[PDB]
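Colleague: Below you will find the structure I want to go over with you.
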Amino acid sequence: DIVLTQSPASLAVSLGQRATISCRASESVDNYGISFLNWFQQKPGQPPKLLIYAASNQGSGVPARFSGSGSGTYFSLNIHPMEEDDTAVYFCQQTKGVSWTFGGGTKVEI
Amino acid sequence: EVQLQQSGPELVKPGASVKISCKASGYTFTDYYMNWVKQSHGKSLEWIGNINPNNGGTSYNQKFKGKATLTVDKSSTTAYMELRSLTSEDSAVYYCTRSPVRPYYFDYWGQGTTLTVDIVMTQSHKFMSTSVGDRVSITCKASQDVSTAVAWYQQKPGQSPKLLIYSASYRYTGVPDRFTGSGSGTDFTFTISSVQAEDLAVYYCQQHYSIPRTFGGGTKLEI
Amino acid sequence: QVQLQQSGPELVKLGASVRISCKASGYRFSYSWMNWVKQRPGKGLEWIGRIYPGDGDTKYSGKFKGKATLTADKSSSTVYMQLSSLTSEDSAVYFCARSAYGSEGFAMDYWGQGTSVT
Amino acid sequence: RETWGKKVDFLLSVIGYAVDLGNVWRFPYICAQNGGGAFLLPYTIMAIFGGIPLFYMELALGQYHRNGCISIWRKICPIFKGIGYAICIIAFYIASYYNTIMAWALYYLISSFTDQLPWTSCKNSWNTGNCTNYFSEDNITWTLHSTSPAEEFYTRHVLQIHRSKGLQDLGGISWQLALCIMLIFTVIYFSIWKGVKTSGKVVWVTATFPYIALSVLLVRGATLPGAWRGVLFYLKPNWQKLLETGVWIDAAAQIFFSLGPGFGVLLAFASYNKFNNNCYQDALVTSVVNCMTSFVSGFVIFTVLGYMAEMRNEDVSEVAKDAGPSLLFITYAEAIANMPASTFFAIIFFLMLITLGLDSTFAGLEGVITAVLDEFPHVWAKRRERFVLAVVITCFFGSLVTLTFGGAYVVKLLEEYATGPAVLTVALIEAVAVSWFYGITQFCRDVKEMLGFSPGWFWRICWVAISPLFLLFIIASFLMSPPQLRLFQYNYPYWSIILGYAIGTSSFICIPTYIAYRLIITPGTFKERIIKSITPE
Ligand SMILES: *[C@@H]1O[C@H](CO)[C@@H](O[C@@H]2O[C@H](CO)[C@@H](O)[C@H](O)[C@H]2NC(C)=O)[C@H](O)[C@H]1NC(C)=O
Ligand SMILES: Fc1ccc([C@@H]2CCNC[C@H]2COc2ccc3c(c2)OCO3)cc1
């Protein structure tokens with residue numbers, strides 16, 4: 001199993017400010033160009049809805065306030081200035097085989 | 001919601017050029033081909049040629065070597081054609097259809113536009129006389145080895161044809177359960193149990209084993 | 001479109017068996033996988049396994065082989081997870097998600113409603 | 001000068017350079033497309049006229065002169081020294097793209113070592129939305145944009161064509177495929193450093209292993225359903241196609257590409273040999289069996305794709321619409337995984353493509369190291385263990401443009417546009433050098449003194465008339481119109497023929513330069529300095 005952690009545990013972003021969240025791991029899952037690292041967003045009562053295709057391209061049903069880029073052993077999701085309706089938890093997901101491991105998650109507050 | 005629009009007819013002097021178009025809609029234009037089917041006056045069907053929209057290359061029959069070409073347009077999803085050296089024997093009706101890939105069949109069919117001016121499939125006699133509701137049979141023989149690429153169509157006088165059977169063994173979506181067939185290699189049969197007045201039309205035996213595709217002569221149920 | 005419908009909830013006692021299903025519809029399930037995720041109220045997520053229908057390959061990790069048996073069938077077009085020898089500490093929330101292809105990075109585009117296994 | 005160990009040693013290497021892995025796809029595909037069984041009729045008339053005697057004269061110069069590639073022109077006509085310098089840089093140019101062909105098969109050997117092959121299922125990280133090759137019960141269809149699982153393992157993982165765009169961006173070489181080059185090049189270095197002593201023993205295992213592999217693969221296709229459809233399209237005579245002038249030239253280029261004479265590789269075999277052997281019997285049996293191998297190896301491919309015509313339900317021309325090296329790794333590779341006991345048949349076939357490639361590059365390295373030794377004595381190859389090590393590293397660093405992510409595009413332009421007309425232009429210029437300039441009346445005197453009899457009426461006329469005119473018709477129609485090399489829906493730009501011809505003529509520009517190099521340094525009357533450099537000492 002590949003070790004996959006998350007930092008920080010809780011972030012306090014004011015109204016109109018930007019932030020970032022990363023996923024610490026030993027891999028470097030950069031095999032055949034496709035970055036094998038996904039992102040999720042679980043709300044209380046809602047399933048962990050998908051955000052970005054392999055941390056490089058925005059998917060369907062996702063608002064335009066989310067983006068992501070990076071390279072190597074360190075990614076950084078770009079978040080727009082958030083409102084009060086973004087109270088959820090973001091996760092990490094390395095999808096390189098054959099065993100998959102998930103992140104710990106961070107608490108999003110204002 | 002697959003629909004193919006057709007242009008109006010026109011009277012062209014022999015020897016001049018003609019332009020025929022049909023806009024594709026309801027599906028992705030790059031996922032399927034754009035095939036043309038000749039409908040000769042008072043006779044069977046004939047194949048014209050196929051165009052590849054992703055590369056622009058085309059393949060056609062040997063009779064269209066110095067007669068016609070095939071171009072498409074990705075910005076409008078409408079194919080263009082230009083026949084040259086018209087004669088009195090070219091009194092026919094052009095068609096536009098939808099075709100899948102591997103195998104190459106003909107699912108949908110257009111309304112058509114009239115123009116005023118290999119493995120061959122041999123069938124049985126066309127004029128069969130049976131009573132209404134009896135089990136009928138249609139015999140179609142192959143000249144060479146055809147594994148499973150046998151199809152059957154239904155064309156009414158004044159109406160457009162349609163796909164009925166899938167790989168000569170199973171039904172298509174939108175087809176009643178009265179149409180069933182089988183066959184293996186050379187003994188290709190087709191039967192309809194408990195026929196009605198709605199199924200009283202012209203049938204066709206088909207072959208898709210090798211390029212160029214060659215259509216059959218045609219049969220008629222009376223009844 | 002594509003939907004994933006699970007069954008109803010089930011109460012967990014000592015020695016009971018709980019069968020959870022997830023019906024696939026609107027797509028070809030023989031050319032994709034079927035992921036399962038653990039979820040506990042107050043904790044995070046955890047990966048369990050995958051089902052690739054058509055040939056029967058199933059991968060297990062995270063010591064879930066002792067209680068979870070992942071079996072599916074192509075004729076009825078759904079998956080099954082057979083639970084056995086349950087305790088009070090095994091209470092969690094199970095979800096089934098449709099995995100995307102390798103060009104998109106095996107992402108979970110759609111999700112189910114989730115059952116309360118407690 | 002040393003010689004070979006036994007008599008049957010150098011008879012086994014001449015056939016081993018004659019056969020390769022090209023004889024299983026380049027020959028029988030043009031047979032099925034160009035009239036079926038009628039294509040074998042120009043195969044046996046153009047062989048005795050252009051193939052066989054040009055194959056025979058290359059041994060006769062090597063038997064008498066017993067010298068290398070560059071030193072045979074010192075005692076015939078010294079202005080043609082540019083011929084031996086041309087074939088040296090093509091040996092660096094061939095080894096760039098040719099070793100990547102077995103490197104795709106060497107990666108297939110370690111991939112198919114497991115029990116579960118990745119070709120019978122789409123359980124991988126490819127474009128799985130188009131990977132829909134499962135043949136269900138009449139609930140299967142593929143859109144124009146669908147692909148094959150053998151193609152997705154060939155394009156996404158091995159070549160990585162999605163990481164590049166074409167000739168404008170080649171980028172960073174695959175590290176997994178670079179390790180296969182080191183496994184290939186180790187066996188090449190450990191067999192040529194001693195000379196003909198180790199070259200006479202390594203061919204004893206590698207030249208008969210594919211021949212027994214053709215026997216065990218034929219019995220698989222013999223008791224195989226649907227194999228009669230493959231022999232039908234292969235053997236049916238269509239005499240309406242032979243009236244076209246195009247099928248005559250393509251049949252003549254096939255025999256020249258199969259045997260491959262005049263490149264300098266084979267004359268190194270006759271240099272280390274006694275003069276008493278019958279060169280007529282040694283050359284006649286090699287050209288006869290090479291048509292027999294290409295006839296047998298056409299049976300082991302077409303009987304298997306006839307089963308693919310049964311399951312996919314099309315014609316055999318539709319399943320074999322591709323034209324190139326992709327016939328083995330896309331169409332034939334997926335047919336092995338659908339068979340019972342697929343773990344055994346996948347290894348013996350993909351090791352057959354390994355051993356047929358290494359016999360051609362075993363002997364190709366001998367032809368370039370023998371040339372530098374005799375022309376410059378006590379300067380190059382004083383230590384034979386060190387100087388051939390400098391040769392193998394140059395084609396290793398030269399192959400870095402072929403191990404890229406766009407490596408599939410560069411092997412297509414270098415096979416056909418660069419090394420295609422280059423092998424004809426170096427072979428036509430040596431054919432007129434021995435016939436017209438050296439003299440046909442002088443050439444047969446050296447053959448009859450080592451054999452004991454004069455050649456017949458057929459060999460005298462064909463050396464002066466047929467063999468120069470055989471290669472002229474092929475090089476003329478090739479420089480008629482530049483074709484469009486279509487490789488995975490990517491069309492090449494208009495300047496691809498410009499860069500393709502410029503790298504191809506770089507060896508062809510050496511021969512008018514090397515004839516101009518000697519007329520400057522040799523002084524005297526302009527008629528006398530030329531005729532001194534035609535007549536040897
Ligand atoms: C495999 O299928 C996918 C379908 O998702 C194809 O994706 C298409 O890619 C092209 C650009 O290359 C886009 O313009 C299309 O819009 C995509 N598909 C659709 C329907 O929008 C992909 O091209 C296919 N692979 C191959 C080799 O054709
Ligand atoms: F265009 C063409 C040039 C040469 C040929 C040859 C004809 C005979 N059969 C083998 C073919 C490949 O020759 C090789 C292989 C590896 C080599 C090599 C030569 O020299 C250095 O390493 C075929 C076609």
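By convention in this document, the chains of the structure tokens carry letters A, B, ... by their order, each chain's residues are numbered from 1, and ligands are numbered from 1 in the order they are shown.
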Could you name the residues that touch residue 81 in chain B at 10 Å or less, counting only C-alpha atoms, but leaving out those on the same chain fewer than 3 positions away, as a PyMOL selection string?

Modeller: chain B and resi 17-22+36+68-72

Colleague: Kindly provide, as JSON, numbers by chain, all nucleotide and amino acid residues lying within 10 Å of ligand 1, counting only C-alpha atoms and all ligand atoms.

Modeller: {"B": [27, 28, 29, 30, 31, 54], "C": [101, 103, 104], "D": [126, 127, 128, 129, 130, 131, 143, 144, 145, 146, 147, 148, 151, 152, 155, 162, 488, 489]}

Colleague: Excluding residue 111 in chain C and its own-chain neighbours fewer than 3 positions away, which residues fall within 9 Å of it when counting only C-alpha atoms? Please give them as an MDAnalysis selection string.

Modeller: (chainID A and resid 47:49) or (chainID C and resid 3:4 95:98 108 114)

Colleague: Based on DSSP run over this structure's backbone, return all residues of range 46-102 of chain C in strand (DSSP E or B), as a PyMOL selection string.

Modeller: chain C and resi 46-52+57-60+68-73+78-83+92-99

Colleague: Show me, as a ChimeraX atom specification, the residues of chain C whose atoms get within 9 Å of chain D, using only C-alpha atoms for the distance check.

Modeller: /C:30-33,52,54-55,100-106

Colleague: Emit the selected residues as a compact mmCIF listing (two decimals), in the first residue's frame, including N, CA, C and O atoms.

Modeller:
# COMPACT_ATOMS: atom_id res chain seq x y z
N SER C 30 -19.63 -4.25 -18.67
CA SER C 30 -18.61 -5.27 -18.91
C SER C 30 -17.24 -4.67 -19.21
O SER C 30 -16.23 -5.37 -19.10
N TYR C 31 -17.18 -3.39 -19.57
CA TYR C 31 -15.93 -2.72 -19.92
C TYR C 31 -15.49 -1.71 -18.88
O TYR C 31 -14.65 -0.86 -19.17
N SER C 32 -16.04 -1.78 -17.67
CA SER C 32 -15.66 -0.86 -16.60
C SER C 32 -15.60 -1.63 -15.29
O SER C 32 -15.93 -2.82 -15.22
N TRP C 33 -15.17 -0.94 -14.24
CA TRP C 33 -15.05 -1.52 -12.92
C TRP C 33 -16.19 -1.03 -12.03
O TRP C 33 -17.00 -0.18 -12.41
N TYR C 52 -14.57 -6.35 -11.92
CA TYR C 52 -14.52 -6.23 -13.37
C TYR C 52 -15.36 -7.35 -13.97
O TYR C 52 -14.93 -8.51 -14.01
N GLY C 54 -17.36 -9.80 -16.66
CA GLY C 54 -17.00 -10.38 -17.94
C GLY C 54 -16.05 -11.55 -17.81
O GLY C 54 -16.18 -12.55 -18.53
N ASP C 55 -15.09 -11.45 -16.89
CA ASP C 55 -14.12 -12.50 -16.67
C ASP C 55 -13.98 -12.93 -15.21
O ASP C 55 -13.56 -14.06 -14.96
N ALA C 100 -14.67 5.67 -14.20
CA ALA C 100 -14.42 6.08 -15.58
C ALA C 100 -13.29 5.26 -16.18
O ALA C 100 -12.68 4.41 -15.53
N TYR C 101 -13.01 5.53 -17.45
CA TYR C 101 -11.98 4.80 -18.17
C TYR C 101 -10.59 5.31 -17.79
O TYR C 101 -10.43 6.25 -17.00
N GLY C 102 -9.57 4.68 -18.37
CA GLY C 102 -8.20 5.03 -18.03
C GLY C 102 -7.74 6.34 -18.63
O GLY C 102 -6.74 6.91 -18.19
N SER C 103 -8.46 6.84 -19.64
CA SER C 103 -8.13 8.15 -20.20
C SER C 103 -8.49 9.28 -19.25
O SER C 103 -7.83 10.32 -19.25
N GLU C 104 -9.53 9.10 -18.44
CA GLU C 104 -9.92 10.08 -17.45
C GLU C 104 -9.32 9.81 -16.08
O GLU C 104 -9.47 10.64 -15.17
N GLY C 105 -8.63 8.68 -15.91
CA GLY C 105 -7.98 8.39 -14.65
C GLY C 105 -8.80 7.62 -13.64
O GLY C 105 -8.62 7.83 -12.44
N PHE C 106 -9.72 6.76 -14.11
CA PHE C 106 -10.55 5.87 -13.28
C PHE C 106 -11.39 6.65 -12.26
O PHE C 106 -11.48 6.26 -11.10

Colleague: Find the residue from D:233, D:107, D:153, D:80 that sits nearest to chain A; use only C-alpha atoms when measuring.

Modeller: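 Residue with the minimum atom-to-atom distance to chain A: D:153.
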
Colleague: Give me the residues within 8 Å of range 383-394 of chain D as number ranges by chain, counting only C-alpha atoms and dropping any in the same chain fewer than 6 places off.

Modeller: D: 92, 185, 189, 193-194, 369

Colleague: Counting only C-alpha atoms, which residues of chain D come no farther than 8 Å from chain A, as a ChimeraX atom specification?

Modeller: /D:156-157,160,163

Colleague: With distances taken over only C-alpha atoms and all ligand atoms, which residue among D:55, D:228, D:494, D:463 lies nearest ligand 2?

Modeller: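 For ligand 2, the nearest of the given residues is D:55.
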
Colleague: Taking only C-alpha atoms and all ligand atoms into account, which residues have an atom no farther than 8 Å from ligand 2? I'd like them as an MDAnalysis selection string.

Modeller: chainID D and resid 17:20 22 90:95 98:99 256:261 263 265 357:365 367 415:416 419:423

Colleague: Could you write out the selected residues, including N, CA, C and O atoms, as a short mmCIF file (atom, residue, chain, number, x, y, z; two decimals), in the first residue's frame?

Modeller:
data_model
loop_
_atom_site.label_atom_id
_atom_site.label_comp_id
_atom_site.auth_asym_id
_atom_site.auth_seq_id
_atom_site.Cartn_x
_atom_site.Cartn_y
_atom_site.Cartn_z
N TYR D 17 21.28 -14.53 -42.91
CA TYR D 17 21.11 -13.13 -43.29
C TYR D 17 20.00 -12.98 -44.33
O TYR D 17 19.39 -11.91 -44.43
N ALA D 18 19.73 -14.04 -45.09
CA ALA D 18 18.69 -13.97 -46.11
C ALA D 18 17.30 -13.95 -45.50
O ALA D 18 16.40 -13.26 -46.00
N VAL D 19 17.09 -14.70 -44.42
CA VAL D 19 15.80 -14.72 -43.74
C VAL D 19 15.84 -13.70 -42.60
O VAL D 19 16.89 -13.46 -41.99
N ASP D 20 14.71 -13.05 -42.37
CA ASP D 20 14.54 -12.15 -41.23
C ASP D 20 13.07 -12.22 -40.81
O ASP D 20 12.33 -13.10 -41.25
N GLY D 22 11.16 -9.80 -41.58
CA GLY D 22 10.47 -9.10 -42.66
C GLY D 22 9.85 -10.05 -43.67
O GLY D 22 8.92 -9.67 -44.38
N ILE D 90 24.68 3.68 -43.38
CA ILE D 90 23.35 3.06 -43.39
C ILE D 90 23.27 1.97 -42.33
O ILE D 90 22.21 1.74 -41.74
N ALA D 91 24.40 1.32 -42.03
CA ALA D 91 24.44 0.36 -40.94
C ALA D 91 24.25 1.04 -39.59
O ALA D 91 23.72 0.43 -38.65
N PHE D 92 24.67 2.30 -39.47
CA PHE D 92 24.29 3.11 -38.32
C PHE D 92 22.84 3.57 -38.43
O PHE D 92 22.18 3.80 -37.41
N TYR D 93 22.34 3.72 -39.66
CA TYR D 93 20.98 4.20 -39.87
C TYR D 93 19.96 3.06 -39.75
O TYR D 93 18.83 3.29 -39.31
N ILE D 94 20.34 1.85 -40.15
CA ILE D 94 19.44 0.70 -40.02
C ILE D 94 19.30 0.32 -38.55
O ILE D 94 18.19 0.10 -38.05
N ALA D 95 20.42 0.30 -37.82
CA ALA D 95 20.42 -0.13 -36.42
C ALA D 95 19.70 0.85 -35.49
O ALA D 95 19.49 0.52 -34.32
N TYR D 98 15.84 -0.61 -36.59
CA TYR D 98 15.63 -2.06 -36.68
C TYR D 98 15.63 -2.72 -35.30
O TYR D 98 14.87 -3.66 -35.07
N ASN D 99 16.47 -2.23 -34.39
CA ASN D 99 16.54 -2.85 -33.06
C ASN D 99 15.33 -2.48 -32.21
O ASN D 99 15.06 -3.15 -31.21
N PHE D 256 14.40 -8.22 -54.07
CA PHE D 256 15.62 -7.49 -53.74
C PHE D 256 15.66 -7.15 -52.25
O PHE D 256 16.74 -7.09 -51.65
N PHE D 257 14.50 -6.92 -51.64
CA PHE D 257 14.47 -6.58 -50.22
C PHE D 257 14.59 -7.82 -49.35
O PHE D 257 15.05 -7.75 -48.21
N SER D 258 14.17 -8.98 -49.87
CA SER D 258 14.22 -10.22 -49.10
C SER D 258 15.65 -10.75 -48.98
O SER D 258 16.15 -10.98 -47.88
N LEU D 259 16.31 -10.94 -50.13
CA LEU D 259 17.68 -11.46 -50.11
C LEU D 259 18.65 -10.39 -49.65
O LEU D 259 19.50 -10.63 -48.78
N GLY D 260 18.54 -9.19 -50.21
CA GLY D 260 19.42 -8.08 -49.90
C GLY D 260 20.87 -8.27 -50.31
O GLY D 260 21.75 -8.43 -49.46
N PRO D 261 21.17 -8.25 -51.61
CA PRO D 261 22.56 -8.37 -52.05
C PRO D 261 23.21 -7.00 -52.24
O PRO D 261 22.56 -5.95 -52.25
N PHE D 263 24.98 -5.17 -50.33
CA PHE D 263 25.11 -4.25 -49.21
C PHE D 263 26.45 -4.36 -48.50
O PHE D 263 26.74 -3.55 -47.61
N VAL D 265 27.38 -6.92 -46.61
CA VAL D 265 27.30 -7.81 -45.46
C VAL D 265 27.74 -9.22 -45.82
O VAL D 265 28.42 -9.90 -45.04
N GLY D 357 15.44 -11.25 -36.03
CA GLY D 357 16.00 -9.91 -36.14
C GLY D 357 17.48 -9.88 -35.79
O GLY D 357 18.24 -9.09 -36.36
N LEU D 358 17.90 -10.73 -34.85
CA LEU D 358 19.28 -10.67 -34.38
C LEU D 358 20.25 -11.38 -35.33
O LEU D 358 21.46 -11.15 -35.24
N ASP D 359 19.75 -12.23 -36.23
CA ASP D 359 20.65 -12.82 -37.22
C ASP D 359 21.08 -11.80 -38.26
O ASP D 359 22.19 -11.90 -38.80
N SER D 360 20.23 -10.83 -38.57
CA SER D 360 20.58 -9.81 -39.55
C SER D 360 21.54 -8.78 -38.97
O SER D 360 22.39 -8.25 -39.69
N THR D 361 21.41 -8.47 -37.68
CA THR D 361 22.33 -7.53 -37.05
C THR D 361 23.54 -8.21 -36.42
O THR D 361 24.44 -7.51 -35.94
N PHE D 362 23.58 -9.55 -36.38
CA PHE D 362 24.84 -10.24 -36.11
C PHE D 362 25.84 -9.99 -37.23
O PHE D 362 26.98 -9.61 -36.97
N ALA D 363 25.42 -10.21 -38.47
CA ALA D 363 26.32 -10.11 -39.61
C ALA D 363 26.53 -8.68 -40.09
O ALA D 363 27.55 -8.39 -40.73
N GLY D 364 25.58 -7.79 -39.80
CA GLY D 364 25.71 -6.41 -40.24
C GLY D 364 26.82 -5.66 -39.53
O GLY D 364 27.41 -4.72 -40.08
N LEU D 365 27.12 -6.05 -38.29
CA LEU D 365 28.23 -5.45 -37.57
C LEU D 365 29.58 -6.01 -38.01
O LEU D 365 30.61 -5.37 -37.79
N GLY D 367 30.37 -6.53 -41.19
CA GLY D 367 30.73 -5.90 -42.44
C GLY D 367 31.36 -4.53 -42.28
O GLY D 367 32.08 -4.06 -43.17
N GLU D 415 12.52 3.94 -42.80
CA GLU D 415 12.47 2.66 -43.49
C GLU D 415 12.22 2.86 -44.99
O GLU D 415 12.93 2.28 -45.82
N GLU D 416 11.22 3.66 -45.34
CA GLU D 416 10.77 3.78 -46.72
C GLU D 416 11.44 4.93 -47.48
O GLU D 416 11.87 4.74 -48.62
N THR D 419 16.13 4.83 -46.00
CA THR D 419 16.87 3.61 -46.33
C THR D 419 16.22 2.83 -47.47
O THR D 419 16.77 1.79 -47.87
N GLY D 420 15.08 3.29 -47.98
CA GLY D 420 14.42 2.64 -49.08
C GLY D 420 15.18 2.75 -50.39
O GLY D 420 15.71 1.76 -50.89
N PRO D 421 15.25 3.96 -50.96
CA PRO D 421 16.02 4.12 -52.21
C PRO D 421 17.52 4.16 -52.01
O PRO D 421 18.25 4.17 -53.01
N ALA D 422 18.01 4.19 -50.77
CA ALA D 422 19.45 4.23 -50.54
C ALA D 422 20.10 2.89 -50.86
O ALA D 422 21.23 2.84 -51.36
N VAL D 423 19.41 1.78 -50.56
CA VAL D 423 19.99 0.46 -50.80
C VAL D 423 19.99 0.11 -52.29
O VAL D 423 20.81 -0.70 -52.72
#

Colleague: Give me the residues near range 302-308 of chain D as a VMD selection string, where near means some atom within 8 Å (using only C-alpha atoms) and where sequence neighbours in that chain fewer than 6 positions away do not count.

Modeller: chain D and resid 221 to 222 224 to 231 234 316 319 331 to 332 335

Colleague: Could you name the residues that touch residue 12 in chain C at 8 Å or less, counting only C-alpha atoms, but leaving out those on the same chain fewer than 3 positions away, as a list in words?

Modeller: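 Final neighbour list, sorted by chain and number: residues 16, 18, 86, 87, 88, 91, 117 and 118 of chain C.
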
Colleague: Output the selection as a PDB file, in the first residue's frame - C-alpha atoms for each residue.

Modeller:
ATOM      1  CA  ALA C  16     -25.986 -11.827  10.675  1.00  0.00           C
ATOM      2  CA  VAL C  18     -26.169  -8.470   4.933  1.00  0.00           C
ATOM      3  CA  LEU C  86     -20.418  -9.011  11.641  1.00  0.00           C
ATOM      4  CA  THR C  87     -19.690  -7.155  14.876  1.00  0.00           C
ATOM      5  CA  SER C  88     -20.631  -3.767  16.316  1.00  0.00           C
ATOM      6  CA  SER C  91     -20.934  -0.495  11.206  1.00  0.00           C
ATOM      7  CA  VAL C 117     -25.347  -0.570   7.581  1.00  0.00           C
ATOM      8  CA  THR C 118     -25.450  -0.157  11.363  1.00  0.00           C
TER       9      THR C 118
END

Colleague: For chain B, report every residue with an atom at most 7 Å from chain D (counting only C-alpha atoms), formatted as an MDAnalysis selection string.

Modeller: chainID B and resid 31:32 100:102 147:148 209:210

Colleague: Extract, using only C-alpha atoms, all DNA, RNA and protein residues at most 12 Å from residue 499 in chain D, discarding same-chain residues fewer than 4 positions from it, and format them as a ChimeraX atom specification.

Modeller: /D:167,410,413-414,417-418,492-495,503-506

Colleague: Go through C:81, C:37, C:72, C:51 and flag the residue nearest chain A, using only C-alpha atoms for the distances.

Modeller: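 The closest residue to chain A is C:37.
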